[PDB]
Amino acid sequence: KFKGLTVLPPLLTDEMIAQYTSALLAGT
Amino acid sequence: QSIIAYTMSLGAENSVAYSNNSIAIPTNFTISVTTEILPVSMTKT
Ligand SMILES: *[C@@H]1O[C@H](CO)[C@@H](O[C@@H]2O[C@H](CO)[C@@H](O)[C@H](O)[C@H]2NC(C)=O)[C@H](O)[C@H]1NC(C)=O
Ligand SMILES: *[C@@H]1O[C@H](CO)[C@@H](O[C@@H]2O[C@H](CO)[C@@H](O)[C@H](O)[C@H]2NC(C)=O)[C@H](O)[C@H]1NC(C)=O
């Protein structure tokens, strides 16, 4: 953090992304 | 009602009946129609 600068968090956590990847792997 | 917060649902949960000698084959089908919209131009200023 700085003098008026801020970083916003992503909407999707990296756990949720891992769940999309495991679904693609299990489907295929 | 009211306003709530929660954690999103990515989707349902499907469990494929996999085995080493089973196959699924369709016996019917449907024709489906979808659209897609794409911009091509903008205004000349
Ligand atoms: C293919 O056969 C399997 C069983 O060999 C079916 O899967 C089962 O379906 C019942 C409900 O009808 C569930 O309670 C079981 O848990 C399922 N088993 C597994 C291992 O997932 C399946 O429904 C059949 N597929 C089709 C398209 O008829
Ligand atoms: C394949 O599926 C279609 C429906 O998607 C079946 O056609 C329907 O048949 C029922 C029963 O006769 C009618 O009430 C509907 O009007 C039909 N739908 C349409 C769009 O025509 C068709 O019979 C199925 N084919 C087989 C071999 O079962």
# chains A, B, ... in the order shown; residues from 1 in each chain; ligands from 1
>>> interface_residues(of="chain B", to="chain A", cutoff="10 Å", atoms="only C-alpha atoms", output="JSON, numbers by chain")
{"B": [8, 9, 10, 11, 13, 14, 15, 16]}
>>> write_last_selection(atoms="C-alpha atoms", output="PDB file, in the first residue's frame")
ATOM      1  CA  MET B   8     -20.490 -18.618  -5.291  1.00  0.00           C
ATOM      2  CA  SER B   9     -21.342 -21.909  -6.782  1.00  0.00           C
ATOM      3  CA  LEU B  10     -19.263 -22.942  -9.684  1.00  0.00           C
ATOM      4  CA  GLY B  11     -21.789 -25.513 -10.839  1.00  0.00           C
ATOM      5  CA  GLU B  13     -21.649 -32.074  -9.461  1.00  0.00           C
ATOM      6  CA  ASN B  14     -21.686 -34.865 -12.033  1.00  0.00           C
ATOM      7  CA  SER B  15     -20.390 -38.370 -11.387  1.00  0.00           C
ATOM      8  CA  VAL B  16     -19.673 -40.316 -14.574  1.00  0.00           C
TER       9      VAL B  16
END
>>> residues_near_ligand(ligand="ligand 1", cutoff="10 Å", atoms="only C-alpha atoms and all ligand atoms", output="mmCIF file with N, CA, C and O atoms, in the first residue's frame")
data_model
loop_
_atom_site.group_PDB
_atom_site.id
_atom_site.type_symbol
_atom_site.label_atom_id
_atom_site.label_comp_id
_atom_site.auth_asym_id
_atom_site.auth_seq_id
_atom_site.Cartn_x
_atom_site.Cartn_y
_atom_site.Cartn_z
ATOM 1 N N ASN B 14 -21.308 -33.741 -11.187
ATOM 2 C CA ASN B 14 -21.686 -34.865 -12.033
ATOM 3 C C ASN B 14 -20.739 -36.016 -11.754
ATOM 4 O O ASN B 14 -19.523 -35.821 -11.707
ATOM 5 N N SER B 15 -21.274 -37.215 -11.558
ATOM 6 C CA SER B 15 -20.390 -38.370 -11.387
ATOM 7 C C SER B 15 -20.558 -39.405 -12.491
ATOM 8 O O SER B 15 -21.531 -40.159 -12.512
ATOM 9 N N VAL B 16 -19.600 -39.436 -13.412
ATOM 10 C CA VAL B 16 -19.673 -40.316 -14.574
ATOM 11 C C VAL B 16 -19.438 -41.767 -14.182
ATOM 12 O O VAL B 16 -18.464 -42.087 -13.507
ATOM 13 N N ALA B 17 -20.340 -42.644 -14.614
ATOM 14 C CA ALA B 17 -20.268 -44.053 -14.262
ATOM 15 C C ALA B 17 -19.196 -44.743 -15.090
ATOM 16 O O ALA B 17 -19.496 -45.607 -15.912
ATOM 17 N N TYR B 18 -17.946 -44.360 -14.868
ATOM 18 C CA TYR B 18 -16.829 -44.933 -15.608
ATOM 19 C C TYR B 18 -16.508 -46.368 -15.212
ATOM 20 O O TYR B 18 -16.515 -46.719 -14.036
ATOM 21 N N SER B 19 -16.220 -47.193 -16.214
ATOM 22 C CA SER B 19 -15.711 -48.542 -16.009
ATOM 23 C C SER B 19 -14.844 -48.919 -17.206
ATOM 24 O O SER B 19 -14.818 -48.200 -18.197
ATOM 25 N N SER B 22 -17.508 -50.142 -20.427
ATOM 26 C CA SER B 22 -18.804 -49.502 -20.579
ATOM 27 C C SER B 22 -18.708 -48.307 -21.516
ATOM 28 O O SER B 22 -17.739 -47.557 -21.492
ATOM 29 N N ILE B 23 -19.740 -48.128 -22.332
ATOM 30 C CA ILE B 23 -19.809 -47.036 -23.286
ATOM 31 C C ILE B 23 -21.219 -46.468 -23.259
ATOM 32 O O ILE B 23 -22.187 -47.162 -22.964
ATOM 33 N N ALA B 24 -21.323 -45.178 -23.528
ATOM 34 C CA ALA B 24 -22.597 -44.508 -23.701
ATOM 35 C C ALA B 24 -22.691 -44.036 -25.141
ATOM 36 O O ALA B 24 -21.741 -43.465 -25.669
ATOM 37 N N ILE B 25 -23.818 -44.305 -25.785
ATOM 38 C CA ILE B 25 -24.046 -43.935 -27.171
ATOM 39 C C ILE B 25 -25.412 -43.270 -27.266
ATOM 40 O O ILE B 25 -26.371 -43.767 -26.678
ATOM 41 N N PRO B 26 -25.528 -42.123 -27.927
ATOM 42 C CA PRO B 26 -26.830 -41.466 -28.051
ATOM 43 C C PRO B 26 -27.761 -42.216 -28.987
ATOM 44 O O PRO B 26 -27.348 -42.800 -29.983
#
>>> residues_near_ligand(ligand="ligand 2", cutoff="8 Å", atoms="only C-alpha atoms and all ligand atoms", output="list in words")
residues 27, 28, 29 and 30 of chain B
